[PDB]
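Quick heads-up: it's one chain on its own, the form deposited in one PDB entry, in C-alpha cells.
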C-alpha cells in the first residue's frame, strides 16, 4: 500500500545510453548495483508486489495483465547482444540507428528450431505485438505493448573491466513493419526462416528519457488501458491517438553538433558590426566578384586564425556565376610533416535577413573530391535545413555568415588602413579583383 504509493509518486527516468546493471538474482529494492543503476529495480520496484521483468537475450515479456474489462501485454523487453563494430560481419545483425530513431531488429528463430516461424516464444510475442502496432483504431493501439530496447554495452568506470555485466537502454519503440526473412547459418550452411522488424524509436520530448512508471501503470491490473498513459511519452500518446501518420513527427532525432539560428549567425541589432555588415551588403550587392575576392581574404583569415597554414590560390571567374568562386589550400600537419588540402570557396552576397538554402551549399559540397574541404561566405545566414544537411551527412564545409564576415572585415580594417574602413573595400573593388586563373583547383597543390 504505502510502498506501492511511494513507488507511484517517484519518477523513474531512464535515458537513452544509461548503462544499467543486469544480473542474476539481485534485489528489486536497491536503486543502484555495482556502481550502476539496477535494472530489476528500474523495471520492477518490488513495492508493487509484481514479478521481475526478465531481460534475456532476444525478446522478453512478463505475464499478461488481466485488467477489469480487458487483458493486455504490459511491455516487450528486447535485449540485443552483438557489439561488433566491424568485428563480426553478418547481414542478419541488428542495425541500430538511434540518431534517426530507427532500429532493424531480427527474430529469435534459430537454425536448430523445429517449428515454423514464429512458433518460438519471441517471434510469437513479436507477431502478437505487431498485430496491435498496426492497428487502425485507437483501442487496438492502446493495447499495443511498447518495445523497450536494451543492448550489451561496454563501460569502464574505474578504467577496467568494461566488457560484460551491463545493459544499455536504447528507448521505447513502435513496430512499423514486420517481415519474414530467410537466413543461412554460416556454420552449417543451413537456410532457415526468421522474422525481422522495422522499429521506430519515439522521442522523449522534453527530455531524452522515459519514465518507467509507465510500465508500472501498464502492469497494473486495476487500471484499464486508457488510464495507463499518464507517464507515457507525449509522442507515444500521439501515436495512440493519430496512428501511423503521426510517426514521422514523433520519431526521435539527434544531431551530432549544435545548430545556430539566424540570430546567432547575425551580429547584434544595434552594434557597429551590424552597420558594418549593412555597409558591406550595400557595397557588394552589385559587386559580386569583388565580394568573392573579399570572401577569399576572409576565408584565408578564418583558416589562419585556427592555426592552419592557408594558401590563397586564385579566383575562378570574372563572369558567369559558377559553383566555385575562389580556391585555397591548407597544409594540414607540422612543418615538413604535412599534407595538402584543396579548399573550394563560394561567395554569396544576399540581404542579411535572407538565408542560404541547403542546395546552394550542396552546390559547393558536390565539387569536393577526397582530401578537399569547402568554405561558404555570406552576408546573410544559413537555413536550418542547410546546417542539418551538413551536420547529419558530415559535409566538410566551413560556414562564414554575416557575423563572422563582419568581424573579420572589421579586424582587417584595423589591420591595414589609414584610419578609415574603406581601405579593404577599395582594395577589393579596384586593382587585384580583375585577375583570374584558368587552372584546375587541385593544381593549387603545385603552387
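The term rigid core refers to the maximal set of C-alpha atoms that superpose within 1.5 Å between the two forms. Positions refer to the first chain, counted from 1.
Keep in mind that the form deposited in another entry is missing from the display, and what follows is about it.
Participant: Fit the core first: which of 171, 352, 107, 267 then shifts its CA by 2 Å or more between this form and the one not shown?
Facilitator: Once the cores are aligned, the residue moving by 2 Å or more is 352.
Participant: Is residue 188 displaced by at least 2 Å at its C-alpha between this form and the one not shown when the rigid core is overlaid?
Facilitator: The answer is yes, as the C-alpha of residue 188 shifts between this form and the one not shown by 2 Å or more after core alignment.
Participant: After fitting the rigid core, is the C-alpha of residue 337 off by 2 Å or more between this form and the one not shown?
Facilitator: No, shifts by less than 2 Å.
Participant: With both forms fit on the core, is the shift of the CA atom of residue 35 between this form and the one not shown 2 Å or larger?
Facilitator: Moves: no, less than 2 Å.
Participant: Once you compare with this form, do the C-alpha atoms of residue 94 and residue 84 lie closer or farther in the other entry, given a change of 3 Å or more?
Facilitator: Pair moves farther apart in the other entry.
Participant: Relative to what we see here, could you say if residue 83 and residue 102 have their Cα atoms closer or farther apart in the other entry, with a change of 3 Å or more?
Facilitator: It is farther: the C-alpha separation of residue 83 and residue 102 rises by at least 3 Å in the other entry.
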